[PDB]
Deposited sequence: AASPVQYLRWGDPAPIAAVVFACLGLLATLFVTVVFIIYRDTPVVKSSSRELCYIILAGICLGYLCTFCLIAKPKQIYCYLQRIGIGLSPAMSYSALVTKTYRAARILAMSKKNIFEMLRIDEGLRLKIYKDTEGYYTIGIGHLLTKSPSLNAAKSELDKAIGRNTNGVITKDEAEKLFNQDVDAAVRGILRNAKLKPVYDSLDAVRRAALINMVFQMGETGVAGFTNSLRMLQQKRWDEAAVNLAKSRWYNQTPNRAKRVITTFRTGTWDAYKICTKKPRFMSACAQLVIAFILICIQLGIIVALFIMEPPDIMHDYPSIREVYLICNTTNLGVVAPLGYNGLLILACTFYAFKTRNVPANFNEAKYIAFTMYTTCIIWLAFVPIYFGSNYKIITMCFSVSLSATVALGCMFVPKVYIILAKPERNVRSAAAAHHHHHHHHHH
């Protein structure tokens, strides 16, 4: 009885239980919310099935402190290792497929704008010079500021990842272009006249705006004051008419006509330009962890050594802990990659923060746990804190909006 230990003077096991209890209730609350309102755009725009896996992993995460705090039974040693090992995997291997999809969608977004300027501005697969005379390659991607031709080749090789000999490919020219795209977005967001317009437009229309930036410059696009206001108020047809009167339209009519047309329809007509599949991959990554756990049940049979001490050695803990680490690393990688993606009410920003914190919790866990003489309680708290952070940062914001702010939805 945890109460007894509290009466004895040890408040550790009674605290871990309450922590778990408050966590189970919280998870129970959030899940029910996503069930009732499963038709609302805040829940429908994401992956409903993956959450059911992420929420289930968190639930078992809290159920762990009932295996670390229990009557001395043999199967509870089994439930421990199988709960501390798989529960994170069910959350991070289902989240990695989410972040990977998010990253794959984004990568395809940058693919379209690349094919946009390749047609509108052009491309060179070998090093050349611009008007200013500096060494350049691809779609106007500056390599270096030195007169040395050798300087451009070094910067290029370091930039690509191989010995290019001053010659690249379309895919490698896309890589360098991705950099120039992001650098352009930075300037736009730091331009007071261009920022509100960029924020209002959709995905396709943002590419049309950047196109104009890569032609006339930030200071130039700001010259379209009246036109930009029309676009921000979503007056496309008026904006097109207004833009077809500009010197920019009369000076470069072939290109401008296409950029303008993109503004009109919000599509790529002017240019020649799976949910079940994720459920199998998530299932696979979970089974891999299960295999490691089952294997360690065979190699090292669990045995009983309020507190339930199991004979679980270091290897019994390190190997699954290592595997989860990779799951977390993959997540954080794709999460940071999609951190600025505003899809699903800027959902990605919460996912990035969660992984950041999770990385810190798990790195700190290694020296603390393996250097502790109170490993079970450090396990309980570490485990619940990790499950709580995932729940608090990813789902509570979704749950807040769906209960407190119905109209925003």
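So which bits of the deposited chain never got modelled?
Unmodelled stretches: 1 to 2, 276 to 283, 316 to 323, 428 to 444.
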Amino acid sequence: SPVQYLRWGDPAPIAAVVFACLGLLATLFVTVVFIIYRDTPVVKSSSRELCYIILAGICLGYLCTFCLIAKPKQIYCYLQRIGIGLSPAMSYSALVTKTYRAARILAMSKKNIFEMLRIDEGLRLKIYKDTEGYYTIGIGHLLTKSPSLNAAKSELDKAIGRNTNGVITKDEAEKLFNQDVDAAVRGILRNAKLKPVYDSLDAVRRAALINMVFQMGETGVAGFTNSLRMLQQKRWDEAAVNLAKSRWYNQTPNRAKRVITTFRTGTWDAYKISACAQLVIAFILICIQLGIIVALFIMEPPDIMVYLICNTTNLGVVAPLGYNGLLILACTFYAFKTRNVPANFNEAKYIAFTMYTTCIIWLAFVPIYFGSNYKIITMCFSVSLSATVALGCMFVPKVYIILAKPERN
From here on, numbers count along this sequence of modelled residues.
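Stretch with the higher entry mean CA B-factor, where the candidates are 151 to 159 and 204 to 212: Stretch with the greater average CA B-factor: 151 to 159.
- Query: Would 119 to 127 or 193 to 201 have the larger average of its C-alpha temperature factors, as given in the entry?
  - Reply: Taking the mean C-alpha B-factor of 119 to 127 and of 193 to 201, the larger value falls to 193 to 201.
Checklist entry - Taking the Cα B-factors listed in the entry, which of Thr99, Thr313, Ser246, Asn324 comes out highest? => result If I rank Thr99, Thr313, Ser246, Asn324 by C-alpha B-factor, first place goes to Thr313.
If I read the C-alpha B-factors straight from the PDB entry, which of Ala343, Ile377, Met355, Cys59 is highest? Each of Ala343, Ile377, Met355, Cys59 was compared by C-alpha B-factor; the highest is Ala343.
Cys67: which third of its chain by C-alpha temperature factor?
Middle third of the chain for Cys67's C-alpha B-factor.
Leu50 - which third its CA temperature factor falls in, relative to the rest of the chain
Within its chain, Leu50 is a middle-third residue by C-alpha B-factor, going by the deposited values.
Modelled-residue ranking by C-alpha temperature factor, third containing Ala222: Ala222: CA B-factor falls in the highest third of its chain.
Third assignment of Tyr307 from its chain's C-alpha B-factors: As the PDB entry reports it, the C-alpha B-factor of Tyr307 lands in the highest third of its chain.
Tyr134 CA temperature factor, ranked by third within the chain
According to the entry, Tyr134 has a C-alpha B-factor in the chain's highest third.
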